[PDB]
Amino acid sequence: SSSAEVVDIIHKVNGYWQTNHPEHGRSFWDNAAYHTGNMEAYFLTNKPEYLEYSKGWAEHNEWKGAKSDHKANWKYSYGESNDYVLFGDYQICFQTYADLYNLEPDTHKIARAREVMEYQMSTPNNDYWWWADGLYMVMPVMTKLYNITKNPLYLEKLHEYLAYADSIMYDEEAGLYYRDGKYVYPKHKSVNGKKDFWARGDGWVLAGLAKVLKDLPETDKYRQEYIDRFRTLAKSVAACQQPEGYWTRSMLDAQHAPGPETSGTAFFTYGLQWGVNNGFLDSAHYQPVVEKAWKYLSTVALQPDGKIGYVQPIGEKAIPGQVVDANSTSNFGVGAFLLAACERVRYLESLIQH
């Protein structure tokens, strides 16, 4: 069966990753993004080893992101040190902590998540989500913690923080997000004069919006705004897919940074399939796009031992003419791939069995 083949891929991929990473590292975004994918695979397949792997990581990180208790030193610009408690890259771990709590509730699992987010929400600042990726990192924290606490402030602040991000990064004409406020046209252009939208950036946003819509109460007063943006972003994403099924690093300018890239493509394949499967996106319009994307992921990105290649690396240096390393993988790329694959299983299992 088509669905069973994709389940087998999920186990090959996730097994490869876990085999090659027996030791856990820090709670920061790249590891945390992998865990969002591992949790998805656990929800789909119930394989006990997957749950154990995320529990081990959470325990290793003491159910915390950045560790500082000195609130006056807490920062939300980029940093990797323990003062960066309010930086969303140190909050995506809370998504996994909340998931683990939901399976086996224990106060300590979400204590830090609640302490940090509730302090953040008490501050006047509206500008916590100042880069596109932050939307994936933190929006689902707000919805997951709402569903646990039933504290409406989480949903009010989800709106306030996203409204800020949208105001700076969303291009209404193009229907896509800039990676941050420095990349806006016309001051910045791609090397061939196009608007420059980073594929992984928009991937984070589309996938993040899918996760918000998954868990947000159907009655939430801001839900229609999120749906509306999800639909606009999806349409623009679909429109700039390459003929080969992937999205290039600069979504609207294939020559700027040529050739395949996996992480953006995988996040889009998740978000678009999720939106079709959950009644927000037009099936007939989007399914062909998803099919071309999955074809790329399964044939070109995926290696037969389970390695996920063509992932744009964090440290990349690149100029026009140069492609991504076929053998480039990462934690967050595997996470994105797992999201896409899991959602594909859900789609395939919906189809009539003849």
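Numbers for residues come from their place in the sequence shown, where the first is 1.
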{"item": "Mean temperature factor over C-alpha atoms, higher-scoring stretch between 168-176 and 134-142", "value": "168-176"}
{"item": "105-113 set against 258-266, stretch whose average Cα temperature factor tops the other in the entry", "value": "105-113"}
{"item": "Among 54, 36, 322, 45 - the residue whose C-alpha B-factor is largest in the record", "value": "45"}
{"item": "Residue, from 186, 203, 79, 275, that the PDB entry assigns the highest Cα B-factor", "value": "186"}
{"item": "Residue 12 by Cα B-factor - lowest, middle or highest third of the modelled chain", "value": "middle"}
{"item": "Relative C-alpha B-factor of residue 314, binned into the chain's lowest, middle or highest third", "value": "highest"}
{"item": "CA B-factor placement of residue 58, once the chain's modelled residues are sorted into thirds", "value": "middle"}
{"item": "Lowest, middle or highest third - CA B-factor, residue 290", "value": "middle"}
{"item": "Among modelled residues of the same chain, the CA temperature factor third for residue 155", "value": "middle"}
